Amino acid sequence: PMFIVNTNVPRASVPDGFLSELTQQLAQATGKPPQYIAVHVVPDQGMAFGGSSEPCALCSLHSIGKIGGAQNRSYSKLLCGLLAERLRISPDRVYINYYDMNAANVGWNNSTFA
Amino acid sequence: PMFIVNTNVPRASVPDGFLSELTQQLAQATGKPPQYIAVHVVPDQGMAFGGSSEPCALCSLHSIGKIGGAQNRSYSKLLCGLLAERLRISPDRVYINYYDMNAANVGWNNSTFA
Amino acid sequence: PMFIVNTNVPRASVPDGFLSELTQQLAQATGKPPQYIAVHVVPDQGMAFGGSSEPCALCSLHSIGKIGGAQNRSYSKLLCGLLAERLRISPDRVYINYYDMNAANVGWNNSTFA
């Protein structure tokens, strides 16, 4: 699985530890070994939400399965919680797009997961 | 709706007010309320289009509904128009990927739009 | 087709010519003229793979068709090979998401490809 965060919060406000924290919390939440979890956080971005440049985040979670109605509500609670606590972003200024990827459509190690 | 623009145009050449103009014109085009529109502009990117480093852009528009054949033609004319006028990028060096997101696959405010 | 690479490899470790090499190699791989290929390389990223900040990449390939089981295995071998050779990233530290776009969902030059 892969989780990408894009945010207008400054780099200095992103805690050391945050990438590892997301890795651990996603590994637990998705049920997948942490070895497969990739995380990417992009601060200092030129973005607006609702026409305002108050702290916000645009995120994506891609997984091969483990994506669906209730699972996504649960990931949204977990991930908005982490963003509010660690980056001080209001949950109502966060979007997370969820992508259920086909195994044949994810490349890794010179091949795919199919 | 969420609209992201990645470009090799330098940050000094993105005018004041561009994020606000995009938010407004996206609200005019999709008819969704401005309060829910997110916009993100990433300049100074290492990009080529057709093997050339002349000004170009790669963009994405995600929306829950309001995506389709004639709608996306209308969005493309609006958005290439804004990129040409404001960032001086030729329309034929712009790609925009359109994504019709399932409400259940969009997280916000600790939950989803389901 | 559009190929995007995000990596923690530093800018100075990205060799001259890389965007043209990726344009040429993807044009031959997808059997399309290079005038259609857009490439985007983003170094210096705050990212981890499996909880480690060793060199890694998160990439996307979007195309109108030419996306499938065998085709995606072939693109992964080519692209992991280029990232290992040029950026010194281990193939088992690369994810590539593949997207078969419908023509109606790709904007270009004030309209779509539909």
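For this deposition, the record names X-ray crystallography as the technique by which the model was determined and cites 1.61 Å as its resolution.

### Quick notes on the UniProt feature "active site" in chain A
When the UniProt feature table is mapped onto this chain, "active site" is found at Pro-1 of chain A. According to the relative accessible area criterion, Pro-1 of chain A is buried, its value standing at 13%. The contacts of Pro-1 of chain A, once residues within four sequence positions are left out, are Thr-30, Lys-32, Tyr-36, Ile-37, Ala-38, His-62 and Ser-63 of chain A together with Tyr-95 of chain C.

### Brief notes about the interface of chain C and chain A
The partner chain A presents 28 residues to the 26 residues of chain C that form the contact. Here chain C packs against chain A, burying approximately 2,100 Å² in sum over the two surfaces, 54% of which is carbon and sulfur. Of all residues in chain C, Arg-73, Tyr-95 and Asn-97 of chain C bury the most surface against chain A, accounting for 27% of the area lost on that side. In this assembly, chain C and chain A are joined by 0 salt bridges. Put simply, chain C and chain A have 13 residue pairs in polar contact between them. Looking at the side of chain C that touches chain A, the elements with two or more residues in it are β3 (46-49), α2 (69-87) and β5 (94-100) of chain C. Residue contributions to the side of chain C that touches chain A peak at 7 residues, all from α2 of chain C. Looking at side-chain class alone, the side of chain C that touches chain A contains 12 nonpolar, 10 polar and 4 charged residues. Two strands pair when backbone bridges link them, and strand β2 (residues 38-42) of chain A and β3 of chain C are joined in this way by 4 bridges, in the antiparallel orientation. Counted as the bridge partner of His-40 of chain A is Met-47 of chain C from β3 of chain C.

### Let's talk about the sheet that holds strand β4 (residues 57-63) of chain B
Strand order in this open sheet of 7 strands is β3(A)-β2(B)-β1(B)-β4(B)-β5(B)-β6(C)-β7(C), and the pairing throughout is mixed. With one partner strand each, in any of the chains shown, β3 (46-49) of chain A together with β7 (111-112) of chain C form the two edges of the open sheet. Taken together, the 2 bridges between strand β6 (residues 106-108) of chain C and β7 of chain C define a ladder with antiparallel strand orientation. Bridge assignment links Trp-108 of chain C to a residue of β7 of chain C, and that residue is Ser-111 of chain C. Along the sheet face, helix α2 (residues 69-87) of chain B touches β1 (2-7), β4 and β5 (94-100) of chain B together with β6 and β7 of chain C and points at about 140° away from the line of β5 of chain B.

### Quick word on the environment of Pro-91 of chain A
In this structure, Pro-91 of chain A sits in the loop between α2 (69-86) and β5 (94-100). For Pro-91 of chain A, the contacting residues outside a window of four places in its chain are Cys-80 and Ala-84 of chain A together with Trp-108, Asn-109 and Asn-110 of chain B.

### Some details on the packing of aromatic side chains
In the structure shown here, the tally under the stated rule is 15 aromatic pairs over all chains. On the numbers, 4.7 Å between centres and 40° between planes, the contact of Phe-49 of chain A with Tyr-95 of chain A is tilted. Linking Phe-49 of chain A in strand β3 with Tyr-95 of chain A in strand β5, this pair joins segments that are 46 residues apart in sequence. Counting every residue linked through ring pairs, the aromatic cluster contains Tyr-36, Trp-108 and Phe-113 of chain A together with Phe-49 and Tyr-95 of chain C.

### Description of the interface of chain C and chain B
Every contact between the two is made by 27 residues of chain C and, on the other side, 26 residues of chain B. Between chain C and chain B the total buried area reaches about 2,100 Å² when both faces are included, carbon and sulfur atoms providing 54% of it. Joining chain C to chain B, the criterion identifies 0 salt bridges. Every element with two or more residues in the side of chain C that touches chain B is listed here: β1 (2-7), α1 (18-30), β2 (38-42), β6 and β7 of chain C. Counting residues per element, the side of chain C that touches chain B draws most heavily on β2 of chain C, which supplies 5 residues. Each residue belonging to the side of chain C that touches chain B can be placed in one class, and the counts come to 17 nonpolar, 10 polar and no charged. In terms of strand pairing, β5 of chain B meets β6 of chain C through 3 bridges, oriented antiparallel. Bridged to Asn-97 of chain B within β6 of chain C is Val-106 of chain C.

### Section: the relation of the copies chain C and chain A
Copy one and copy two of the chain differ by a rotation about an axis and a translation along that axis. Mapping chain C onto chain A is achieved by rotating through 120° and translating by 0.0 Å along the same axis, at an RMSD of 0.2 Å. Here the copies are linked by what is in effect a three-fold axis.

### Some points on the environment of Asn-97 of chain A
The residue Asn-97 of chain A is located in strand β5 in this model. Here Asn-97 of chain A falls in the buried class, since its relative accessible area comes to 2%. For the pair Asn-97 of chain A and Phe-3 of chain A, spaced 94 residues apart in sequence, the C-alpha to C-alpha distance is 9.9 Å. Ignoring any residue separated from it by four or fewer positions in sequence, one finds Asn-97 of chain A in contact with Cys-59, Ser-60 and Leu-61 of chain A together with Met-2, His-62, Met-101, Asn-105 and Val-106 of chain B.

Rules used throughout
For each chain, numbering begins from 1 and proceeds through the sequence as written. The entry may number the same residues differently, and residues missing coordinates are not shown. Here chains are named by letter from A upward and ligands by number from 1 upward, in the order in which they appear as written. For side-chain calculations, the full set of non-hydrogen atoms in the structure is used, while hydrogens and water are omitted. UniProt positions are given in the numbering used here, feature names are shortened, and annotations may be inferred rather than shown by experiment. Whether a residue is buried, partly exposed or exposed follows from its accessible area with a 1.4 Å probe, protein chains only, as a fraction of its type maximum: under 20%, in between, or over 50%, in that order. Whether two residues are in contact is decided by their heavy atoms: any pair within 4.5 Å suffices. Note on terms: buried area is the combined drop in 1.4 Å-probe accessible area of two parts once they are placed together, counting the loss on both. The rule for a salt bridge is simple: a side-chain nitrogen of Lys or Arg has to be within 4 Å of a carboxyl oxygen of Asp or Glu. Counted as a polar contact is a pair of N or O atoms within 3.5 Å, where, for protein atoms, one must be capable of donating a hydrogen and the other of accepting one, and residues adjacent in sequence contribute only when both atoms are in side chains. Helix and strand assignments come from DSSP, with helices taken as H or I runs of at least 4 residues and strands as E runs of at least 2, each series counted from the N terminus. Basically, the charged four are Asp, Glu, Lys and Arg, the nonpolar ten are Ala, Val, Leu, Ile, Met, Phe, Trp, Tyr, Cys and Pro, and anything else, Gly included, counts as polar. Two strands form a pair only when DSSP identifies at least two bridges running between them. To obtain an axis, a line is fitted to C-alpha atoms, over the contacting stretch when the element is a helix, and the angle between two such axes runs from 0 to 180 degrees between their N-to-C directions. Stacked, tilted and edge-to-face are the three classes applied to pairs of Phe, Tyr and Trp rings, where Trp contributes its six-membered ring and a pair requires centres within 6.5 Å; stacked means planes under 30 degrees apart, edge-to-face means over 60, and tilted covers the rest. A least-squares superposition on the C-alpha atoms brings the copies onto one another.

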